[PDB]
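Worksheet for the structure shown next.
What follows is calculated from the coordinates using simple rules that are stated; it is not laboratory data. Don't worry about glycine lacking a Cβ; one is built from the backbone with ideal geometry, like all the others, and counts go over all protein chains shown.
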């Protein structure tokens with residue numbers, strides 16, 4: 001179970017990154033639906049709660065729009081790129097840790 | 001008074017100035033549309049990886 005927890009920290013980080021990526025993809029796909037509210041989650045607090053069933057928050061709008069659509073484009077695109085990069089970083093960290101654990105048994 | 005008939009009241013100078021202003025404003029708006037479309041199209045490349 002020690003191995004379980006030691007890899008569990010990074011596994012949960014990766015899982016939350018995947019969930020945030022899914023939400024970003026959803027609000028990209030629905031970017032032109034009138035009456036839509038941009039949704040996002042707070043990664044740090046969510047990870048803390050999971051380590052110690054996911055709630056999502058409404059993104060603060062930046063400009064008004066008559067059709068009731070508040071999901072911006074540039075901010076969420078930068079968020080998408082950042083989330084993808086951090087997901088890849090978590091993936092490679094987990095892979096390095098697993099390979100280091102494995103090669104000891106050789 | 002009888003024997004006379006009243007015509008219409010349209011100002012040719014006002015009509016011409018309005019038409020010119022409308023055409024110019026339409027052209028400016030079209031240029032803005034083109035610029036915004038180009039910017040968005042080139043910005044979407046950022047989404048790639």
Would you point out which residue out of A:44, A:5, A:26, A:18 is part of a helix (DSSP H, G or I) and touching a helix residue (DSSP H, G or I) at 6+ places or on another chain (Cβ under 8 Å)?
A:18
Restrict the check to region B:37-45 and report whether at least one residue is in a helix (DSSP H, G or I) and either more than 14 Å from chain A (Cβ to nearest Cβ) or farther than 30 Å from residue A:84 by Cα (or both).
yes
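Got at least one residue in region A:48-62 being within 14 Å of chain B (Cβ to nearest Cβ), under 14 Å from the mean Cα position of the chain (by Cα) and surrounded by 14 or more Cβ atoms within 10 Å (Cβ to Cβ)?
no
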Across region A:63-97, which residue is farthest from the other protein chains (Cβ to nearest Cβ) among those that are surrounded by fewer than 13 Cβ atoms within 10 Å (Cβ to Cβ) and more than 24 Å from residue A:28 (Cβ to Cβ)?
A:96
